[PDB]
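> Can you look at this? It's an experimental structure, sequence on top.
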Amino acid sequence: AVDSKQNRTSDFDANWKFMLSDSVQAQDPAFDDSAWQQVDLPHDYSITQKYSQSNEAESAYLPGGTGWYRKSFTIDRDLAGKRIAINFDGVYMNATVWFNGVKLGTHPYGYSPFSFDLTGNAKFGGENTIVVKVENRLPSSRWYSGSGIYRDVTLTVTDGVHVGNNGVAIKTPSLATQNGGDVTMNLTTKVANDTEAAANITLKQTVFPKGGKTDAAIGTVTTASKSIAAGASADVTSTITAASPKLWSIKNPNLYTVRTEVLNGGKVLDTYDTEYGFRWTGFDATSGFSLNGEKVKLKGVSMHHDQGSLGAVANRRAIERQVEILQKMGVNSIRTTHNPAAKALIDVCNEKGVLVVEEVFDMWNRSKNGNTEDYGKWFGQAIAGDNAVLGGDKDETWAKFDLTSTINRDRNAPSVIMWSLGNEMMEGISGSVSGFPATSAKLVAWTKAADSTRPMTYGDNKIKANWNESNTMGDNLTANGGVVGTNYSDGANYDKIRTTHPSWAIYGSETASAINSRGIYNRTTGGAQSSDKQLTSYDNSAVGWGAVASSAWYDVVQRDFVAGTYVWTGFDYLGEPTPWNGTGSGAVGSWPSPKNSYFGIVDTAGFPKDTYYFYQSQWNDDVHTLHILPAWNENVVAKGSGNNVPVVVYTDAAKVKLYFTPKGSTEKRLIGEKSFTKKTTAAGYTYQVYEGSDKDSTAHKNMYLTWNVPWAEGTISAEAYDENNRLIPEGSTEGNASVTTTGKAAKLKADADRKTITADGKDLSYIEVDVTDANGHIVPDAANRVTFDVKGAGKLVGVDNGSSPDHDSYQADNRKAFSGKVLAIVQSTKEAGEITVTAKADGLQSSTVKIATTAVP
Ligand SMILES: OC[C@H]1O[C@@H](O)[C@H](O)[C@@H](O)[C@H]1O
Ligand SMILES: [Ca+2]
Ligand SMILES: [Ca+2]
């Protein structure tokens, strides 16, 4: 039901029909879809299919296939004479779009946004059917991609004379020197005349705080009359003098709305808004990164797009929760490995104050890892002349279209600081690489012309291998205001890059790739396939090309010229289950094989691994950290020489005293005391390393503290002390400041992260359930199967435990805990009410939580 009550751009997610089938031909309006599934977008049709060992480990053993989406809807007669378009933020992949039986075009890339005009084929005042065919033919990805319309879809309805799609670009070239006073904004606006008569228009533009009223504007302008021929467009340039704009920053992410009205006479024809923030950056070859004139270390993570048990679905609350968990770790930046983010993530980062390195491509013109259906099939092909897809430039290759489409979408987003043009473009491919520098220069030229305001970059793993191609490409980046990302350099190679390429501004575009499970303590070693399909939680386990967390951070924190780090990864993701990876078919190890990653600091369910608190101790200057591993039950610890257990403390404290309290005692005994040394770089960054007589001989391991404690039932506890040898007040210190021997599992403890959510059929409530003993201590290895009974105005949409080899259905109402924890994800309906969730487990006390849902005004 499409009419004039809708906003100019309106949500089009509701009430689609879906069918998985590679034989059906369902483009015609009269096709009978009465037996098809009924779904709301966003939607992922891989995540509900069964695991199969004849699929590929790298994409989580889940199939893709051909999916059809249909939606029949009325276009009211009050929209006659208006322009109508449908906008896709992402469809994975190989979309074909028909409207009322007429093929509109196609779009290969699964991660870039695109649109189609519907006006030409619309039945105004009648029934209409839009149809999307999706062909995710495997193999197409080095990770789990998902399949389908996994991001939001909207409708755009405008007057015949209107601002174009993504039609306003904003530059503040003098912001760094004008800051504090009047700031010049240079705007360019595309105005299209899609009528059959000449138009003469003016623009009224207004900049006012986001969510505020226009009378709080900090600047306005009205332009002179502009003539636009019928069926043509014009670019209208204008200048706004913004009166003392608030800067956008990590701490204070102030946002503005920039509103453009197209006027004919005194009547508004079209109103187009774009979100904006005032900020400037710099990358210096010697001193690194700065935001708004102040030095900032990029403390970043790489993040794949999926949302755990939800699959690829770009649910806004799921994405927001990820960012919130990362911020709590001290993360201030995200690299969207290796593809454009959902706009929802860009929205969140604009609002939260998180810097985004938005990467556009993984491979370029050569497919990777035998994935013959990946984007390397399409990167260099032309766009057919009858393909009416819209979003970016269509005059060269798909790569240019997809790159400019992404830049057009996000060019005004203050959170985005760099455009990353590729990742390890020469890794895992066949043929010569001699043409790759020329491809790189072409991408750099396109980017610089599409957006002069931000550096372009890439993530190159051949700089450490001294490939001449990397020298050429890095110089070409540098010659165009770009910044060079090196993948998996160590301290010595950072120094070699600085010596060999003194003109480059560099950063660690991908680092670490430590591999750990959550809650595994009976060995401190890893880096390879184990006997239990899990990996140690100690930070001693990494892939051969990577480095443990303390090593990759130690090498970055010391060097002001390494602007920052993008740790692989912030969250575990589906697929790439290294060291159980497989780029071909077949189970890796005994089935069920590990099907999600072990790289994440946080698991797929949002539950942090122990190294989360090492990073928090290093990165979060707004909280204190005091965290002990391992959990202190005899059957989970590792007994080495002398039956001693290695005890690790992550903390930002200056000094720690370790204690032991035997079970049944209330009196603790001092067992150790260690003090950090404070280091300061030339730029003023600080960090702590242990330099005591029993320090580790491997320097980077001294960014934390280790004791060897004999096993005995009781409690290990730690006290934090500051530089003055005074006790640190409890406050809001995070982590396990003590570990203690538990009893047997007795009860469940369920808690919803948000007790009230929006009744829009989108918002989510995340319910963590712990298996604990009778005194509330989590049983560290508990794997009890927990069943969720969801009643009321909501639906269970996912269950998760983060365990890589668990093939139980994400859509079941039950799942085993892993390392004491399990997750349920409930979604609201479109009616306000109450959701009651009861978590049950055999032999244990149940736990019930209640969640209110609130109607949309
Ligand atoms: O360690 C695994 C990672 O290795 C990197 O070299 C690659 O860019 C990532 O996408 C991921 O595969
Ligand atoms: Ca493959
Ligand atoms: Ca801190």
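Here it is on my side, so go on. Numbers count the residues shown, from 1 in each chain. Ligands and ions are numbered 1, 2, ... in the order given.
> Who are the contact partners of the residue most central in space within the chain?
By CA atoms, centre = their mean, the chain has its centre lying nearest to residue 303, at 4.6 Å. Contact analysis of residue 303 by CB atoms under 8 Å, 6 or more residues apart in numbering lists 322, 326, 334-337, 569-571. (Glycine included, C-beta is placed from N, CA and C.)
> got it, and residue 586?
For residue 586, the contacting residues are 53-54, by CB under 8 Å, 6+ apart.
> which phi and psi does it have?
Torsion angles at residue 586 (phi, psi; degrees, to the nearest 10) stand at phi 100, psi 150.
> ok, so what distance separates it from residue 577?
Residue 586 is 13 Å from residue 577, where distance means CB to CB, to the nearest Å.
> what's the answer for residue 376, then?
23 Å.
> Residue 794 now?
For residue 794 relative to residue 577 (CB to CB), the value is 32 Å.
> Which one of the two is surrounded by more residues?
Comparing residue 794 with residue 577 by other CB atoms under 10 Å, the one with more neighbours is residue 577, at 28 against 24.
> My impression was that that one belongs to a helix - is that right?
No: according to DSSP: H, G, I helix; E, B strand; the rest coil, residue 577 belongs to no helix; its state is coil.
> Make sure it is actually in contact with residue 600.
No: contact between residue 577 and residue 600 fails when scored by CB atoms under 8 Å: they sit 11.6 Å apart.
> What residues does this protein have near ligand 2?
Within the chain, the positions adjacent to ligand 2 are 139, 369-371, 583 by CB under 5 Å from the ion.
> Let's see that with 8 Å instead.
When proximity is defined as CB under 8 Å from the ion, the chain approaches ligand 2 at 56, 58-59, 139, 142, 369-371, 583-584.
> How many residues are close by residue 728?
When neighbours are counted by other CB under 10 Å, residue 728 registers 18.
> And the residue nearest to the centre of the chain, how close does it get to ligand 1?
According to CB to the nearest ligand atom, to the nearest Å, residue 303 stands 11 Å off from ligand 1.
> and that residue, how far is that from residue 573?
8 Å.
> And this protein, what are its domain boundaries?
Under the assignment curated CATH domains, the domains of the chain span 1-159, 160-280, 281-625, 626-745, 746-857.
> Deepest-packed of the ones you listed, please.
Mean neighbour count (mean count of other CB atoms under 10 Å) peaks for domain 281-625 among the domains of the chain, with a mean of 21.
> next one: that domain to chain centre, how far?
In terms of CA atoms, centre = their mean, to the nearest Å, the centre of domain 281-625 is found 10 Å from the chain centre.
> With stretch 98-114 instead?
25 Å.
> First-to-last residue distance for it?
Terminal residues of stretch 98-114 lie 14 Å apart, using CA to CA, to the nearest Å.
> wait, what's in contact with whatever residue of the chain ends up closest to ligand 1?
For the chain and ligand 1, the shortest gap (CB to the nearest ligand atom) falls at residue 513, measuring 3.5 Å. Contact analysis of residue 513 by CB under 8 Å, 6+ apart lists 488, 542-543, 545-547, 568, 599.
> how about the helices of the stretch 1-150 of the chain, start to end?
In the stretch 1-150 of the chain, no segments count as helices under DSSP state H, counting those that start in this stretch.
> now the residue in it that ligand 2 sits nearest to, nearest residue through space, not along the chain?
Proximity of the stretch 1-150 of the chain to ligand 2 (CB to the ion) peaks at residue 139, 4.0 Å away. The shortest distance from residue 139 to any non-neighbouring residue, by CB to CB, 6 or more residues apart in numbering, is to residue 371 (4.3 Å).
> Stretch 582-590 near ligand 1 anywhere?
No: using CB under 6 Å from any ligand atom, we find that stretch 582-590 stays clear of ligand 1, coming within 10.5 Å at best.
> you'd agree residue 691 is up against residue 677?
Yes: contact status for residue 691 versus residue 677: in contact at 4.7 Å, counting by CB under 8 Å.
> dump the residue contacts of residue 434.
Here residue 434 is in contact with residue 469 (CB under 8 Å, 6+ apart).
> again, but for residue 771
745, 748, 778-779, 782, 784, 786, 817, 820-822, 841, 844.
> Pipe the residues you listed into CSV and attach distance to residue 208 and secondary structure per row.
Below are the contacts of residue 771 laid out as CSV (distance: CB to CB, whole Å; DSSP: H, G, I helix; E, B strand; the rest coil):
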residue, distance to residue 208, secondary structure
745, 56, coil
748, 49, strand
778, 49, strand
779, 54, coil
782, 53, coil
784, 54, coil
786, 49, strand
817, 50, coil
820, 49, coil
821, 45, strand
822, 46, strand
841, 53, coil
844, 55, coil
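> so can I have a markdown table of the residues you listed showing distance to residue 811?
Listed next are the contacts of residue 771 as a markdown table, based on distance: CB to CB, whole Å:
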| residue | distance to residue 811 |
| --- | --- |
| 745 | 26 |
| 748 | 21 |
| 778 | 26 |
| 779 | 27 |
| 782 | 23 |
| 784 | 20 |
| 786 | 15 |
| 817 | 18 |
| 820 | 23 |
| 821 | 19 |
| 822 | 15 |
| 841 | 20 |
| 844 | 24 |
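> No more questions from me, cheers.
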